[PDB]
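This report concerns only the one structure given below.
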Amino acid sequence: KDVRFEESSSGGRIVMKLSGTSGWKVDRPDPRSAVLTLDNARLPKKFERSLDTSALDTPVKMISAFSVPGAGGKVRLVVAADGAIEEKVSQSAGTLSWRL
């Protein structure tokens with residue numbers, strides 16, 4: 001597992017690597033940040049690295065990855081945002097997740 005950030009004309013993009021997943025996680029679009037839980041996708045603390053996309057002129061303040069959050073086997077993603085924005089999930093394949 002791992003997280004990544006990039007941009008396209010739609011704006012800021014968060015490409016997440018989900019190895020060992022079948023269905024889809026729980027996308028929770030909040031007014032502050034984003035939440036993505038992956039059951040049975042518990043990632044190691046050695047892969048919960050965060051991003052530093054500060055002053056990138058994007059709606060995404062900064063990406064933050066965190067393993068444990070109080071539920072066995074679950075993982076969690078925190079994508080801080082700012083101002084009005086829209087979330088768009090894309091599944092180019094069974095394992096690769098993206099957030100435009």
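So you can find residues: chains in the structure tokens are A, B, ... in the order shown, residues in each start at 1, and ligands are numbered from 1 in order.
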Surrounding residues of residue 31 (chain A) excluding itself and chain neighbours under 4 positions, 9 Å, only C-alpha atoms, as a ChimeraX atom specification: /A:81-85
I need the chosen residues saved as a PDB file, in the first residue's frame, with N, CA, C and O atoms.
ATOM      1  N   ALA A  81      -8.523  19.622   2.683  1.00  0.00           N
ATOM      2  CA  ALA A  81      -8.899  20.469   1.558  1.00  0.00           C
ATOM      3  C   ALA A  81      -9.183  21.895   2.013  1.00  0.00           C
ATOM      4  O   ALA A  81      -9.060  22.217   3.194  1.00  0.00           O
ATOM      5  N   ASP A  82      -9.567  22.748   1.069  1.00  0.00           N
ATOM      6  CA  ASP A  82      -9.872  24.141   1.372  1.00  0.00           C
ATOM      7  C   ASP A  82     -10.912  24.699   0.407  1.00  0.00           C
ATOM      8  O   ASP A  82     -10.992  24.275  -0.747  1.00  0.00           O
ATOM      9  N   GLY A  83     -11.703  25.657   0.881  1.00  0.00           N
ATOM     10  CA  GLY A  83     -12.725  26.255   0.047  1.00  0.00           C
ATOM     11  C   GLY A  83     -13.628  25.225  -0.599  1.00  0.00           C
ATOM     12  O   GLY A  83     -13.537  24.035  -0.291  1.00  0.00           O
ATOM     13  N   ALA A  84     -14.503  25.679  -1.490  1.00  0.00           N
ATOM     14  CA  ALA A  84     -15.429  24.783  -2.174  1.00  0.00           C
ATOM     15  C   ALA A  84     -14.687  23.880  -3.156  1.00  0.00           C
ATOM     16  O   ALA A  84     -13.816  24.334  -3.897  1.00  0.00           O
ATOM     17  N   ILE A  85     -15.038  22.598  -3.154  1.00  0.00           N
ATOM     18  CA  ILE A  85     -14.407  21.631  -4.044  1.00  0.00           C
ATOM     19  C   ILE A  85     -15.304  20.417  -4.252  1.00  0.00           C
ATOM     20  O   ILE A  85     -16.341  20.284  -3.609  1.00  0.00           O
TER      21      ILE A  85
END
Polymer residues at most 8 Å from residue 63 (chain A), only C-alpha atoms, same-chain spacing of 6 or more positions, as a ChimeraX atom specification: /A:5,14,50-53,77-80
Test item: residues at most 10 Å from region 89-92 of chain A, only C-alpha atoms, excluding those fewer than 5 positions along its chain, as a ChimeraX atom specification: /A:13-15,24,27,97-100
Going by DSSP on the backbone, which bits of chain A are strand (DSSP E)? Write them as a PDB file with N, CA and C atoms, in the first residue's frame, please.
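Ended up saving to result28.pdb:
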ATOM      1  N   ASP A   2       0.324   2.338  -0.559  1.00  0.00           N
ATOM      2  CA  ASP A   2       1.045   3.603  -0.626  1.00  0.00           C
ATOM      3  C   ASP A   2       0.155   4.708  -1.183  1.00  0.00           C
ATOM      4  N   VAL A   3       0.527   5.954  -0.912  1.00  0.00           N
ATOM      5  CA  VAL A   3      -0.236   7.101  -1.390  1.00  0.00           C
ATOM      6  C   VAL A   3       0.599   7.963  -2.330  1.00  0.00           C
ATOM      7  N   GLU A   6      -0.752  14.248  -7.380  1.00  0.00           N
ATOM      8  CA  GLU A   6      -0.409  14.810  -8.682  1.00  0.00           C
ATOM      9  C   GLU A   6      -1.475  15.797  -9.145  1.00  0.00           C
ATOM     10  N   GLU A   7      -1.463  16.332 -10.271  1.00  0.00           N
ATOM     11  CA  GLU A   7      -2.519  17.205 -10.723  1.00  0.00           C
ATOM     12  C   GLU A   7      -2.846  16.984 -12.200  1.00  0.00           C
ATOM     13  N   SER A   8      -4.070  17.292 -12.547  1.00  0.00           N
ATOM     14  CA  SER A   8      -4.464  17.274 -13.935  1.00  0.00           C
ATOM     15  C   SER A   8      -5.431  18.431 -14.118  1.00  0.00           C
ATOM     16  N   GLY A  11      -7.712  19.418 -11.662  1.00  0.00           N
ATOM     17  CA  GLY A  11      -7.140  19.900 -10.406  1.00  0.00           C
ATOM     18  C   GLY A  11      -6.180  18.926  -9.727  1.00  0.00           C
ATOM     19  N   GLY A  12      -6.306  18.826  -8.404  1.00  0.00           N
ATOM     20  CA  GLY A  12      -5.450  17.938  -7.598  1.00  0.00           C
ATOM     21  C   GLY A  12      -5.985  16.517  -7.546  1.00  0.00           C
ATOM     22  N   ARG A  13      -5.111  15.597  -7.628  1.00  0.00           N
ATOM     23  CA  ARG A  13      -5.358  14.167  -7.738  1.00  0.00           C
ATOM     24  C   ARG A  13      -4.566  13.393  -6.689  1.00  0.00           C
ATOM     25  N   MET A  16      -3.895   6.481  -4.970  1.00  0.00           N
ATOM     26  CA  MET A  16      -3.595   5.567  -3.874  1.00  0.00           C
ATOM     27  C   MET A  16      -3.392   4.143  -4.388  1.00  0.00           C
ATOM     28  N   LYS A  17      -2.368   3.472  -3.868  1.00  0.00           N
ATOM     29  CA  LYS A  17      -2.073   2.106  -4.273  1.00  0.00           C
ATOM     30  C   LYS A  17      -2.678   1.100  -3.297  1.00  0.00           C
ATOM     31  N   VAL A  26     -14.740   3.163   1.774  1.00  0.00           N
ATOM     32  CA  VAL A  26     -15.805   4.081   2.159  1.00  0.00           C
ATOM     33  C   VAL A  26     -15.356   5.531   1.990  1.00  0.00           C
ATOM     34  N   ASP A  27     -15.856   6.183   0.948  1.00  0.00           N
ATOM     35  CA  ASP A  27     -15.507   7.573   0.677  1.00  0.00           C
ATOM     36  C   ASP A  27     -16.402   8.527   1.461  1.00  0.00           C
ATOM     37  N   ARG A  28     -15.790   9.320   2.336  1.00  0.00           N
ATOM     38  CA  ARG A  28     -16.532  10.278   3.149  1.00  0.00           C
ATOM     39  C   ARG A  28     -16.060  11.703   2.877  1.00  0.00           C
ATOM     40  N   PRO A  29     -16.771  12.397   1.997  1.00  0.00           N
ATOM     41  CA  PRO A  29     -16.425  13.770   1.649  1.00  0.00           C
ATOM     42  C   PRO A  29     -16.907  14.741   2.719  1.00  0.00           C
ATOM     43  N   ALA A  34     -11.009  14.565   3.820  1.00  0.00           N
ATOM     44  CA  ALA A  34     -11.621  13.373   3.253  1.00  0.00           C
ATOM     45  C   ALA A  34     -11.300  12.138   4.088  1.00  0.00           C
ATOM     46  N   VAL A  35     -12.133  11.111   3.958  1.00  0.00           N
ATOM     47  CA  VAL A  35     -11.934   9.871   4.702  1.00  0.00           C
ATOM     48  C   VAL A  35     -12.106   8.655   3.796  1.00  0.00           C
ATOM     49  N   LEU A  36     -11.135   7.746   3.845  1.00  0.00           N
ATOM     50  CA  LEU A  36     -11.179   6.538   3.031  1.00  0.00           C
ATOM     51  C   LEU A  36     -10.745   5.319   3.838  1.00  0.00           C
ATOM     52  N   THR A  37     -11.704   4.450   4.145  1.00  0.00           N
ATOM     53  CA  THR A  37     -11.421   3.241   4.914  1.00  0.00           C
ATOM     54  C   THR A  37     -11.393   2.012   4.012  1.00  0.00           C
ATOM     55  N   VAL A  60      -6.483  20.738  -2.654  1.00  0.00           N
ATOM     56  CA  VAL A  60      -5.995  19.786  -1.664  1.00  0.00           C
ATOM     57  C   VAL A  60      -4.868  20.387  -0.833  1.00  0.00           C
ATOM     58  N   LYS A  61      -5.162  20.679   0.431  1.00  0.00           N
ATOM     59  CA  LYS A  61      -4.173  21.260   1.333  1.00  0.00           C
ATOM     60  C   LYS A  61      -2.942  20.365   1.435  1.00  0.00           C
ATOM     61  N   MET A  62      -3.160  19.108   1.816  1.00  0.00           N
ATOM     62  CA  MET A  62      -2.069  18.150   1.954  1.00  0.00           C
ATOM     63  C   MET A  62      -2.607  16.753   2.251  1.00  0.00           C
ATOM     64  N   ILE A  63      -2.002  15.748   1.632  1.00  0.00           N
ATOM     65  CA  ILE A  63      -2.416  14.366   1.832  1.00  0.00           C
ATOM     66  C   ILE A  63      -1.729  13.756   3.051  1.00  0.00           C
ATOM     67  N   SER A  64      -2.492  13.000   3.836  1.00  0.00           N
ATOM     68  CA  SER A  64      -1.957  12.362   5.033  1.00  0.00           C
ATOM     69  C   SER A  64      -2.442  10.921   5.148  1.00  0.00           C
ATOM     70  N   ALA A  65      -1.497   9.993   5.264  1.00  0.00           N
ATOM     71  CA  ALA A  65      -1.827   8.576   5.382  1.00  0.00           C
ATOM     72  C   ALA A  65      -1.631   8.092   6.815  1.00  0.00           C
ATOM     73  N   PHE A  66      -2.592   7.318   7.312  1.00  0.00           N
ATOM     74  CA  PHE A  66      -2.522   6.784   8.665  1.00  0.00           C
ATOM     75  C   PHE A  66      -3.038   5.348   8.712  1.00  0.00           C
ATOM     76  N   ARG A  76      -7.049   4.090   6.890  1.00  0.00           N
ATOM     77  CA  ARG A  76      -7.723   5.380   6.824  1.00  0.00           C
ATOM     78  C   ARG A  76      -6.868   6.406   6.087  1.00  0.00           C
ATOM     79  N   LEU A  77      -7.519   7.266   5.314  1.00  0.00           N
ATOM     80  CA  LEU A  77      -6.816   8.299   4.560  1.00  0.00           C
ATOM     81  C   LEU A  77      -7.382   9.683   4.872  1.00  0.00           C
ATOM     82  N   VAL A  78      -6.489  10.647   5.070  1.00  0.00           N
ATOM     83  CA  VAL A  78      -6.898  12.014   5.371  1.00  0.00           C
ATOM     84  C   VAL A  78      -6.378  12.989   4.323  1.00  0.00           C
ATOM     85  N   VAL A  79      -7.291  13.524   3.515  1.00  0.00           N
ATOM     86  CA  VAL A  79      -6.923  14.473   2.470  1.00  0.00           C
ATOM     87  C   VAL A  79      -7.494  15.857   2.763  1.00  0.00           C
ATOM     88  N   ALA A  80      -6.751  16.650   3.528  1.00  0.00           N
ATOM     89  CA  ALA A  80      -7.180  17.994   3.879  1.00  0.00           C
ATOM     90  C   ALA A  80      -7.459  18.824   2.633  1.00  0.00           C
ATOM     91  N   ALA A  81      -8.523  19.622   2.683  1.00  0.00           N
ATOM     92  CA  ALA A  81      -8.899  20.469   1.558  1.00  0.00           C
ATOM     93  C   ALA A  81      -9.183  21.895   2.013  1.00  0.00           C
ATOM     94  N   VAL A  89     -13.897   9.899  -7.456  1.00  0.00           N
ATOM     95  CA  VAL A  89     -13.144   8.653  -7.367  1.00  0.00           C
ATOM     96  C   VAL A  89     -13.093   7.949  -8.720  1.00  0.00           C
ATOM     97  N   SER A  90     -11.942   7.366  -9.034  1.00  0.00           N
ATOM     98  CA  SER A  90     -11.762   6.656 -10.296  1.00  0.00           C
ATOM     99  C   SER A  90     -11.043   5.330 -10.079  1.00  0.00           C
ATOM    100  N   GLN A  91     -11.594   4.263 -10.648  1.00  0.00           N
ATOM    101  CA  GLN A  91     -11.004   2.937 -10.513  1.00  0.00           C
ATOM    102  C   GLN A  91     -10.543   2.406 -11.866  1.00  0.00           C
ATOM    103  N   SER A  92      -9.278   2.642 -12.189  1.00  0.00           N
ATOM    104  CA  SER A  92      -8.711   2.189 -13.453  1.00  0.00           C
ATOM    105  C   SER A  92      -8.428   0.690 -13.422  1.00  0.00           C
ATOM    106  N   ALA A  93      -8.572   0.091 -12.243  1.00  0.00           N
ATOM    107  CA  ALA A  93      -8.331  -1.337 -12.082  1.00  0.00           C
ATOM    108  C   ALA A  93      -8.622  -1.782 -10.652  1.00  0.00           C
ATOM    109  N   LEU A  96      -6.141  -0.189  -7.849  1.00  0.00           N
ATOM    110  CA  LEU A  96      -5.654   1.179  -7.968  1.00  0.00           C
ATOM    111  C   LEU A  96      -6.785   2.179  -7.759  1.00  0.00           C
ATOM    112  N   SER A  97      -6.670   2.981  -6.706  1.00  0.00           N
ATOM    113  CA  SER A  97      -7.683   3.983  -6.391  1.00  0.00           C
ATOM    114  C   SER A  97      -7.162   5.390  -6.671  1.00  0.00           C
ATOM    115  N   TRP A  98      -8.067   6.286  -7.050  1.00  0.00           N
ATOM    116  CA  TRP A  98      -7.701   7.663  -7.351  1.00  0.00           C
ATOM    117  C   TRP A  98      -8.766   8.635  -6.859  1.00  0.00           C
ATOM    118  N   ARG A  99      -8.347   9.853  -6.534  1.00  0.00           N
ATOM    119  CA  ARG A  99      -9.267  10.875  -6.050  1.00  0.00           C
ATOM    120  C   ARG A  99      -8.976  12.223  -6.704  1.00  0.00           C
TER     121      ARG A  99
END
6 Å contact set for residue 95 (chain A), only C-alpha atoms, chain neighbours under 4 positions out, as an MDAnalysis selection string: chainID A and resid 18:19 21
